[PDB]
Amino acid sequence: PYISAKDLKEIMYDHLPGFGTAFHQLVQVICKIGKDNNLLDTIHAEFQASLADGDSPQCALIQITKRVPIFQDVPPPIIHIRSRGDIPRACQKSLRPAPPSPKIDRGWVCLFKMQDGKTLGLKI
């Protein structure tokens, strides 16, 4: 029954409006950490269970970070970019300087590292 990083992203993506929003990014981060730790299934199941509770798909993504334990243990991934323009418009409003040991299950999706040295966290 095992699912693919490919189609999970597909599914979760089907469920959200907009393009390149903080939640599309969060989908990407969840699936990557998903693959590399062999939890794409645990993760799909929590996504479904949260929709059953009545959670908006945004909220469901959030529940994964808070309920699937891997995400309390892997830091938000660093993503090397040139400049802040490279980040999608929808995410612009959600960038914040990151504090020490930023946690995914606290809303820190990823860390954008630009070529001027400045790092900006994507905060949900």
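In case it trips you up, residue 1 is the first one in the sequence shown, and so on.
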77-85 versus 57-65 - greater average Cα B-factor per the deposited record: 77-85
Average Cα temperature factor in the PDB entry - higher stretch of 100-108, 15-23: 15-23
Ranked C-alpha temperature factor of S50 among modelled chain residues, by third: lowest
Record-listed C-alpha B factor of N37: chain third: highest
Chain-wide C-alpha B factor ranking for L122, given as lowest, middle or highest third: lowest
